[PDB]
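Student: Residue numbers (the deposited numbering), protein chains in the order written: chain G, 1 to 84; chain B, 1 to 227; chain H, 7 to 85; chain M, 1 to 43; chain C, 3 to 261; chain F, 1 to 98; chain A, 1 to 514; chain J, 1 to 58; chain L, 2 to 47. Ideal placement from N, C-alpha and C gives every residue a C-beta, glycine not left out. First the structure, which I've put down as structure tokens, then a few questions once you've had a look.
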Amino acid sequence: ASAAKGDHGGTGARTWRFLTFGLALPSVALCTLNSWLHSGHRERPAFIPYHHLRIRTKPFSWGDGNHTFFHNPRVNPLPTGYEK
Amino acid sequence: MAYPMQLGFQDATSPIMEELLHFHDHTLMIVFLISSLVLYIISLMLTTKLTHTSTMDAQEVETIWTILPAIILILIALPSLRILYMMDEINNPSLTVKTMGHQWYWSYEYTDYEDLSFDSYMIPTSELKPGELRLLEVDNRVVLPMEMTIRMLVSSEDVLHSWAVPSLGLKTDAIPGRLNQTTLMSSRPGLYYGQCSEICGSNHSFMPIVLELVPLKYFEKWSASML
Amino acid sequence: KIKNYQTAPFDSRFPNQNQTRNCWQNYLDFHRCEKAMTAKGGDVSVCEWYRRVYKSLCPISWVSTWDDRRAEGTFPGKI
Amino acid sequence: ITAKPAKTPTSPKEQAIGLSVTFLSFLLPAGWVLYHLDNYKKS
Amino acid sequence: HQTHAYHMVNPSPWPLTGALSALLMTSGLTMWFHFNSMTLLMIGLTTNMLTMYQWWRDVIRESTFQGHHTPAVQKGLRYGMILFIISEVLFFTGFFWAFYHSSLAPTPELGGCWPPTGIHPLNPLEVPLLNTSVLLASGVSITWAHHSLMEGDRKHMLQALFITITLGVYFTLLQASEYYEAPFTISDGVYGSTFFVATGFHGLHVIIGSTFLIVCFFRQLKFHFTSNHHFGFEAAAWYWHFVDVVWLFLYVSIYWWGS
Amino acid sequence: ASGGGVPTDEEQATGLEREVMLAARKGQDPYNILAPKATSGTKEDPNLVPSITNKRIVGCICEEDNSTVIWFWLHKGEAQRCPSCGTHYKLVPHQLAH
Amino acid sequence: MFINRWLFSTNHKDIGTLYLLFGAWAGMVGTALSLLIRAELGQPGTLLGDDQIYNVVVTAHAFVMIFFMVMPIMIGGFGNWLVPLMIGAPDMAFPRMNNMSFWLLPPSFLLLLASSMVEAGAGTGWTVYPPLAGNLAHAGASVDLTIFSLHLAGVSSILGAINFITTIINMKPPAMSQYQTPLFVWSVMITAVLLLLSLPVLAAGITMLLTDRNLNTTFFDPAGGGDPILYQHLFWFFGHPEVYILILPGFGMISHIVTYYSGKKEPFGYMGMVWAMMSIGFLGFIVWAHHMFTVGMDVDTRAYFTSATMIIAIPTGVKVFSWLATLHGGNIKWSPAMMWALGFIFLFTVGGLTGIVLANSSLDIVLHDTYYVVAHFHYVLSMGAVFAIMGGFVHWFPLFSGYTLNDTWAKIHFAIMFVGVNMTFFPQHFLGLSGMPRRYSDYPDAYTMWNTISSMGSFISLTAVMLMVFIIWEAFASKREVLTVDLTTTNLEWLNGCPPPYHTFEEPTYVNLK
Amino acid sequence: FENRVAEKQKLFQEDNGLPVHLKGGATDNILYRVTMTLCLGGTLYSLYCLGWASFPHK
Amino acid sequence: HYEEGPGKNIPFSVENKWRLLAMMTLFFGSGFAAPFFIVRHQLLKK
Ligand SMILES: CCCCCCCCCCCCCCCCCC(=O)OCC(COC(=O)CCCCCCCCCCCCCCCCC)OC(=O)CCCCCCCCCCCCCCCCC
Ligand code: HEA
Ligand code: HEA
Ligand SMILES: CCCCC/C=C\C/C=C\C/C=C\C/C=C\CCCC(=O)O[C@H](COC(=O)CCCCCCCCCCCCCCCCC)COP(=O)(O)OCCN
Ligand SMILES: CCCCC/C=C\C/C=C\C/C=C\C/C=C\CCCC(=O)O[C@H](COC(=O)CCCCCCCCCCCCCCCCC)COP(=O)(O)OCCN
Ligand SMILES: CCCCC/C=C\C/C=C\C/C=C\C/C=C\CCCC(=O)O[C@H](COC(=O)CCCCCCCCCCCCCCCCC)COP(=O)(O)OCCN
Ligand SMILES: CCCCCC/C=C\CCCCCCCCCC(=O)O[C@H](COC(=O)CCCCCCCCCCCCCCC)COP(=O)(O)OC[C@@H](O)CO
Ligand SMILES: CCCCCC/C=C\CCCCCCCCCC(=O)O[C@H](COC(=O)CCCCCCCCCCCCCCC)COP(=O)(O)OC[C@@H](O)CO
Ligand SMILES: CCCCCC/C=C\CCCCCCCCCC(=O)O[C@H](COC(=O)CCCCCCCCCCCCCCC)COP(=O)(O)OC[C@@H](O)CO
Ligand SMILES: CCCCCCCCCCOC1OC(CO)[C@@H](O[C@H]2O[C@@H](CO)[C@@H](O)[C@H](O)[C@@H]2O)[C@@H](O)[C@H]1O
Ligand SMILES: CCCCCCCCCCO[C@@H]1OC(CO)[C@@H](O[C@H]2OC(CO)[C@@H](O)[C@H](O)[C@@H]2O)[C@@H](O)[C@H]1O
Ligand SMILES: C[C@H](CCC(=O)O)[C@H]1CC[C@@H]2[C@H]3[C@H](O)C[C@@H]4C[C@@H](O)CC[C@]4(C)[C@@H]3C[C@@H](O)[C@@]21C
Ligand SMILES: C[C@H](CCC(=O)O)[C@H]1CC[C@H]2[C@@H]3[C@H](O)C[C@@H]4C[C@H](O)CC[C@]4(C)[C@H]3C[C@H](O)[C@]12C
Ligand code: CUA
Ligand SMILES: [Cu+2]
Ligand SMILES: [Mg+2]
Ligand code: NA
Ligand SMILES: [Zn+2]
């Protein structure tokens with residue numbers, strides 16, 4: 001590819017700043033728009049005690065040993081189901 | 001089984017094991033040849049007062065000792081690969097038997113028609129009957145019909161194990177969550193031994209495999225009696 | 007009927023040493039078939055072949071565990 | 001290779017001592033453990 | 003006096019403190035995992051930070067302040083960093099191997115499918131895509147920073163470098179939120195296993211890379227870098243590109259194809 | 001769009017880095033960064049080997065592409081010859097640092 | 001001054017010395033472990049206990065011999081001492097990082113000894129395969145301490161590899177191309193590249209085992225959709241390169257020893273030797289599954305691994321014949337080092353050929369996990385790698401110390417060791433063909449004869465190790481200072497005296513470009 | 001900010017025979033003693049923990 | 002400057018051959034004895 005733009009007569013600091021503010025950051029702004037839009041908490045799925053999930057072969061070295069490190073009560077059920 | 005002071009392979013019990021014996025003879029000859037040739041040349045280089053310490057040219061003799069070894073490798077690979085694919089041929093078995101490895105014994109399942117299954121433990125040395133082999137005998141043998149193509153399926157219910165019977169040229173690892181297949185076919189009746197071939201903990205040395213090859217008729221009555 | 011089964015025959019879909027999927031496939035097939043038949047008002051005898059094959063190939067503990075899970079509602083496979 | 005004579009010559013007697021001490025440093029500790037092996041197995 | 007251009011380093015205690023800190027951290031992890039105690043781990047992490055700080059401080063003293071980094075010493079440092087990055091690539095490779103091994107032949111326990119039954123993957127078009135534009139953008143801004151430095155522009159070098167760091171931090175914060183919001187955990191089978199360990203090690207590298215850039219930022223503030231000699235910055239940029247590339251592979255493999 | 005504020009090597013390089021930089025500008029190589037070019041190596045035109053002492057190890061690659069390098073100490077005084085090809089080398093001692 | 005010199009070192013010779021000391025000590029540990037193994041197998045019945053204690057011994061024996069003895073001695077010791085001297089460099093590229101590569105080893109060793117102290121130890125095999133190595137079959141800290149030991153040894157070697165590669169590429173005289181560097185230097189660089197690429201994969205794999213054991217991941221657990229076979233791939237992807245990492249520096253030293261004692265100024269076919277080591281290094285990365293012929297792999301995959309593995313014999317053959325061609329027409333000096341080198345050439349060839357027998361997956365079905373494999377690897381390691389280490393040690397000892405050994409004693413030492421290793425391992429081929437499995441504390445009665453003879457052979461070897469210690473003491477006790485060394489024109493490392501001064505090459509060598 | 005690199009270059013090139021890790025002043029010495037003390041003490045403690053873990057507490 | 006020459010470029014002293022014998026004996030002896038005692042340690046736990 002060659003993109004769809006042009007310069008190349010000499011790639012320098014002014015050119016890379018042009019790209020940072022004219023392409024890169026605007027892209028981040030658009031994606032930030034898109035993301036902080038399609039977000040919204042999606043309805044947590046019914047709990048099913050599947051044996052290949054919520055694995056516990058040894059208790060975790062923290063808390064009560066039954067909660068994952070970044071445990072989110074709202075979406076992460078315990079081996080016995082969602083919390084109160 | 002192995003006998004005292006044995007040098008080579010246990011006598012072949014299946015056609016495949018026979019095949020390997022000949023392939024090994026073939027390869028071992030080459031190994032003897034090359035190692036004795038190297039020992040010889042070493043002694044040759046070290047037994048003369050004549051000298052030549054100036055620069056010797058290499059791009060000429062290197063052709064010989066690149067082409068010869070390549071040819072010898074091909075002479076080993078051909079029969080090696082022929083046997084490899086032979087062991088893989090479609091054969092259509094008359095019977096399927098499963099074996100599950102456990103710490104530390106094997107269990108067997110013949111579930112083609114009836115739901116037959118049993119555990120197989122090593123006979124303790126203190127309980128051996130006269131004339132019985134230390135570390136090799138089991139309480140319940142794997143009775144199988146001789147001269148028939150059988151499908152063996154191997155897995156494990158805990159750690160890794162490996163199901164082996166040297167005389168038949170068999171060794172298939174027992175992996176939990178996996179079902180490994182191998183075919184067995186004995187040319188003769190008898191008792192054939194093997195031992196767990198994957199370190200599995202405290203009694204890895206003590207969980208042998210004993211196969212009892214009898215005529216189909218006796219295999220059937222044994223199956224019935226074993227329900 | 008069209009049976010007279012000795013053992014599960016060679017299946018070209020699973021020609022290698024690892025037969026784990028052969029067992030699993032036949033177990034699924036039988037239980038899928040058994041469901042379609044018991045549902046639409048038919049006979050489970052058509053599902054017989056899959057039951058024989060999976061019974062021959064599958065370790066007792068696997069079939070056992072899968073059965074317990076279908077009952078508990080935790081069988082991960084689609085039936 | 002050429003080398004000068006020993007600055008502190010080690011005589012045959014001295015060598016027997018060094019060899020004996022060396023062999024003993026390997027053999028005694030191990031020998032002790034191995035000897036009392038039965039005293040260990042069941043105690 | 004020496005008549006070669008290489009650096010003979012003064013006897014240093016850092017290699018030893020670094021080695022011992024390695025012993026304290028591994029021992030610490032074992033004590034934590036098994037004897038429920040973080041004491042050793044804490045000391046280990048502390049001596050480790052202390053070792054790194056002083057060791058790299060000395061490297062700055064030897065180069066910027068004492069002038070030991072002749073072109074030959076700098077050439078060696080280039081090979082060193084390239085070789086270091088290669089070993090990091092092979093490390094990640096083991097994790098991508100684990101991912102592909104599992105995902106390409108899903109076992110019966112997962113339902114014989116991928117993603118496993120019961121796993122609801124994140125939408126690659128949402129935060130994961132945002133994270134992707136953030137890292138790619140930081141790749142552009144750090145290139146602007148490098149060119150500014152080489153053209154002798156202090157203000158714009160600092161500006162571009164700042165923007166690069168902010169982006170790295172943004173990625174880190176977004177990933178931390180993603181971790182918290184994820185309906186799956188590290189204990190959710192091989193899916194959670196491959197997901198968190200791969201992205202987790204990548205996240206750690208992002209933090210290391212950002213730290214490295216921040217170090218460059220302050221050294222730049224203190225005029226350490228000349229328009230022509232700035233290896234610390236070049237290495238941080240190479241390392242940053244590595245981190246950026248590992249992400250693109252994670253994104254394509256785990257988030258997109260693996261969903 | 002542009003400005004300054006970043007030091008140059010000329011303004012900030014120090015220690016050995018600066019020495020190498022300044023010597024290189026005068027076209028000199030006090031820190032042996034470059035491979036010296038050979039003379040005809042005859043008795044009359046020997047290879048001049050700089051040194052800061054009264055002996056320096058010389059490595060002679062007799063013929064271009066030889067993988068074997070012949071090593072020997074070149075001492076101050078009458079020119080010595082490579083034990084392998086006989087080309088001549090003569091030590092030209094001292095100085096470097098003024 | 002003592003602490004500054006030996007704890008805060010930034011000198012390649014002193015660091016190389018620390019490495020040789022560590023490695024010699026590790027060798028004693030590895031020897032004791034090997035005697036414990038053979039004492040147990042010395043007669044039928046159980047001596048120590050069941051397979052657990054026995055296998056904790058077998059496991060440590062391997063880790064100690066491999067990671068703490070061979071690698072530290074060859075790469076850390078001989079590598080650090082000789083590489084800078086052989087290219088006329090003032091030191092290594094990163095002399096301070098070099099010191100950390102060393103200091104990570106004692107902690108790594110301590111972690112290994114710890115794992116055997118706590119709980120019931122790690123009786124997993126040096127391959128540490130799960131589920132046996134998992135938190136259910138091996139609950140407790142033991143396997144975790146083992147994993148951590150490997151991590152430290154791994155960081156030490158990866159940093160060492162970066163140092164060697166940079167040093168060799170960047171610090172040679174301006175006129176010296178890579179094709180003018182000695183074969184030992186080439187052997188070390190290639191070894192460093194293999195270490196750089198393989199260790200990170202092992203690190204990845206064992207980290208996955210650590211998380212399966214402690215963070216509830218299931219990479220190798222079928223219950224979570226994992227696979228124990230995945231671990232095997234990751235381990236062996238590193239594991240095969242590792243064996244070439246263990247022999248390459250040996251090949252390098254053998255080339256120097258044979259050339260030197262043949263009174264030759266150069267090894268026969270230099271470029272062919274370089275090509276051979278590079279090919280072996282390359283091929284060593286695409287053959288790993290030959291350690292998995294019984295796990296149940298597709299036939300085509302097995303056919304490929306059988307073929308790819310065999311090809312390694314070609315480049316290896318060029319080396320064997322080149323060493324012979326180096327002897328050809330030489331004024332042979334029958335020194336103790338040359339004896340170790342000649343034993344190496346023959347015994348390594350034997351082990352290499354049995355390795356070619358094992359390459360055939362068909363035959364491997366029956367040979368796998370039997371003593372035939374143990375016979376193969378001990379010939380290449382306990383005869384190949386060890387002989388190269390002994391040869392290099394006796395050859396370079398005067399350089400490192402400034403003193404000479406008693407040649408007669410060194411020849412006696414060689415004779416005893418030669419009988420011991422062959423009596424120990426040769427009968428193991430028989431035990432293998434006849435079916436004796438690996439990792440057994442006891443065996444069926446038929447295997448008694450060969451196991452008895454093999455254990456006796458191992459005692460002869462112990463006698464040689466103890467003698468070696470005495471011999472080193474005698475050298476230091478008598479103090480015969482070196483005067484002259486022949487062939488310094490083609491062995492630059494000897495050119496600065498014995499021992500060379502702390503600082504060498506302060507004024508670099510002079511090399512014309514022409 | 002102002003460029004003070006020249007001051008730092010003079011300080012670190014000062015011929016006092018101090019190794020680079022202490023050449024900065026009395027703070028270097030403090031930080032060093034802190035680091036080394038934690039390292040050595042932590043190591044002794046780890047040896048203690050190993051001794052503890054080596055034995056069963058039934 | 003550090004001491005240089007035979008017997009001076011090592012971390013142990015070779016001034017007295019008997020003190021040296023003792024050092025070497027402890028050094029190598031400790032390494033060789035370690036496994037035996039670790040084995041004894043494991044047998045005496047249970
Ligand atoms: C220590 C115990 C010895 C027991 C001996 C046999 C007793 C037989 C009774 C009675 C004998 C007759 C009745 C039984 C016949 C059985 C045939 C069989 O089933 O056949 C297969 C069997 C038996 O093979 C044999 O047919 C035995 C071959 C023995 C070759 C020995 C070379 C020995 C050299 C020095 C002595 C050994 C230690 C040093 C070995 C150094 C490395 C070779 O199994 C093997 O394959 C074993 C060998 C494995 C491969 C090693 C390959 C390279 C080896 C040597 C190259 C040396 C070249 C220079 C020439 C040699 C130069 C030194
Ligand atoms: C370098 C590697 C190496 C070396 C040298 C050895 C040496 C020996 N090994 Fe081996 N061994 C392995 C690596 C090694 N081994 C591995 C990888 C395994 C597999 C483990 C597993 O299955 O998990 C194994 C397994 C193994 C078994 C099989 C165990 C089983 O399956 O149950 C046996 C059995 O006899 C054994 C015996 C021996 C013996 C008697 C020696 C003797 O020959 C030793 C004699 C003494 C020496 C050769 C040491 C000399 C070196 C020095 C002391 C340096 C000296 C100092 C200076 C010169 C500076 N070993
Ligand atoms: C120094 C270490 C070292 C080296 C260099 C090698 C080299 C080789 N090894 Fe080995 N090997 C081990 C250490 C080593 N190995 C270890 C430790 C194990 C066991 C690991 C474990 O399970 O714990 C093992 C296991 C092992 C296996 C697995 C067996 C099994 O577990 O079932 C196989 C499989 O192919 C094998 C093959 C080879 C081959 C073909 C070579 C080749 O590189 C050898 C090539 C050399 C020659 C061939 C000889 C010289 C050549 C000539 C004179 C030319 C003419 C030759 C011919 C034409 C044939 N090795
Ligand atoms: C914010 C993004 C950045 C990620 C890293 C930041 C914080 C975590 C702390 C250290 C992580 C460093 C490396 C990764 C190691 C393990 C994977 C961790 C990735 C992670 O953080 O994964 C988390 C699991 O945390 C866990 O167990 C983590 C438990 C923390 C203990 C760490 C375990 C230490 C093991 C380290 C092994 C070291 C070996 C490395 C060797 C290198 C080469 C020699 C995911 O959380 P969860 O609740 O399960 O799911 C979320 C549900 N809402
Ligand atoms: C599915 C998998 C998932 C995981 C994937 C994860 C990530 C993807 C991979 C990579 C992307 C990451 C980062 C890339 C960005 C920057 C890297 C830096 C490169 C750079 O900028 O290199 C420069 C020049 O090229 C040079 O080095 C050239 C010189 C190189 C020297 C070092 C190499 C030496 C090592 C061994 C040599 C190999 C021999 C080859 C022949 C073998 C044949 C078989 C710097 O100069 P220098 O060192 O002085 O050399 C002088 C030569 N001009
Ligand atoms: C909760 C989310 C968190 C957010 C993300 C986190 C971090 C991002 C961090 C920092 C970056 C933001 C701003 C930088 C601030 C000041 C720069 C100051 C210099 C300046 O003003 O630079 C000017 C341009 O900058 C400028 O417009 C500044 C440019 C701003 C660009 C983005 C705005 C996009 C606008 C909409 C366009 C979208 C349309 C898309 C078109 C297609 C694209 C190809 C050029 O001027 P000069 O006269 O030549 O220079 C003299 C010397 N300075
Ligand atoms: C690379 C260039 C050289 C080209 C040569 C080719 C070599 C490797 C690339 C090919 C990888 C894709 C192949 C996958 C296609 C098959 C799909 C599959 O299914 O393969 C799977 C595994 O593949 C997997 O993870 C594969 C995982 C990867 C393993 C390969 C290891 C090499 C990696 C290291 C290289 C470092 C590179 C640095 C990166 C820039 C599972 O195995 P099966 O045996 O099927 O089990 C199923 C059974 O139930 C029935 O028998
Ligand atoms: C919460 C945060 C804590 C997490 C732990 C890790 C934390 C931070 C790691 C960040 C690394 C910081 C490195 C700072 C290095 C500063 C020294 C430096 O940058 O030194 C430069 C040389 O490069 C050099 O050594 C290059 C030095 C290379 C270092 C890069 C190594 C990265 C470390 C990774 C470690 C973890 C591995 C992954 C884990 C699985 C000095 O030369 P110049 O710049 O040319 O200056 C000279 C001019 O001024 C002359 O005019
Ligand atoms: C379970 C947990 C296990 C934990 C293990 C942790 C192990 C050690 C932790 C402590 C180590 C940190 C201390 C800082 C190390 C910096 C080394 C460095 O920065 O080394 C540099 C060389 O490497 C270069 O450049 C390029 C190379 C930079 C390497 C940075 C070192 C990072 C260490 C981690 C490596 C992980 C391996 C990654 C693959 C998995 C400089 O070389 P020196 O010889 O110093 O100087 C030369 C002078 O001329 C400089 O003026
Ligand atoms: C190779 C580089 C990687 C090296 C190793 C990485 C080290 C990771 C350190 C993790 O340490 C931690 O562990 C904890 C456990 O000890 C936490 O406390 C916690 O754990 C508890 C103790 O039971 C609770 O009291 C609390 O709620 C809390 O979440 C915790 O915040 C966190 O800092
Ligand atoms: C694999 C490597 C091992 C190789 C084999 C070892 C070779 C022999 C070493 C000698 O060792 C010893 O000999 C003893 C017996 O001869 C012991 O004495 C013991 O036995 C006694 C006499 O029978 C008593 O006097 C004492 O109480 C004592 O414990 C014992 O302590 C030990 O030092
Ligand atoms: C003070 C300094 C000017 C050069 C000098 O130090 O003399 C200026 C120029 C550019 C730098 C700034 C850059 O414009 C980028 C950043 C933008 C701001 O929003 C916050 C601080 C910010 C991180 C920087 C802080 C500022 O103090 C800097 C460091
Ligand atoms: C061309 C290259 C280097 C020659 C040089 O520049 O001196 C040489 C070195 C080693 C040679 C190889 C080795 O001698 C091994 C092989 C020998 C066969 O005679 C031809 C191909 C063969 C594969 C050789 C091809 C080629 O001539 C190589 C690769
Ligand atoms: Cu079961 Cu070994
Ligand atoms: Cu291999
Ligand atoms: Mg196996
Ligand atoms: Na025994
Ligand atoms: Zn010449």
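(1) Would you say H:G83 reaches chain C, if we count a Cβ-Cβ gap shorter than 9 Å as a contact?
(2) Output yes if chain G places a C-beta closer than 9 Å to the C-beta of A:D407; else output no.
(3) Could you work out which residue in B:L128, B:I34, B:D158 is closest to B:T99 when comparing CA atoms only?
(4) Which chain L residues sit within Cβ distance under 8 Å of A:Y502?
(5) What number of angstroms, rounded off, separates the C-alpha of B:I199 from the C-alpha of A:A475?
Tutor: Judging by the given coordinates:
(1) yes
(2) no
(3) B:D158
(4) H2, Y3, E5, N10
(5) 45 Å
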